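Below is one structure, written out as structure tokens; the observations come after it.
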């Protein structure tokens with residue numbers, strides 16, 4: 001949801017796909033371009049995109065979100081998420 005924790009491997013977001021989708025394509029055609037350089041450019045190229053353009057991919061991430069939602073049912077307990085709770089005073 002808002003943020004997970006170590007363990008449950010979170011799914012790839014549309015932000016990653018778009019990259020991994022042009023990551024290799026950028027190399028094959030442009031090998032001289034170093035691994036990073038190739039991405040560094042693909043990243044800034046995704047931030048300049050429009051809303052709709054992104055939506056098209058945003059659906060590719062949500063449609064697969066059904067996975068993370070399943071890895072939560074079990075993580076609903078103190079198995080993946082941890083918190084601290086104090087104990088108040090007592091009474092008569």
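Report, in whole Å, the centroid distance computed from the Cα atoms of segment 52-92 and segment 1-48. Using only Cα atoms, the two centres lie 24 Å from each other.
Compactness of the chain is given as radius of gyration and Dmax, 20.2, 78 Å, from Cα positions.
In the chain, the longest principal axis of the Cα atoms and the axis of helix 51-62 are about 50 degrees apart. Segment residue 65..residue 82, full-extension length gain: 3.9 nm, with 0.36 nm per residue of separation and the alpha-carbon distance subtracted. A simple spin-label model places pseudo-atoms 7 Å from Cα toward Cβ; at residue 9 and residue 75 they are separated by 1.3 nm.
Readers should treat all values here as calculations from the given coordinates under stated rules, not as data from a laboratory. Ideal geometry is used to build each Cβ from the backbone, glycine not excepted, and the neighbour counts take in all protein chains shown.
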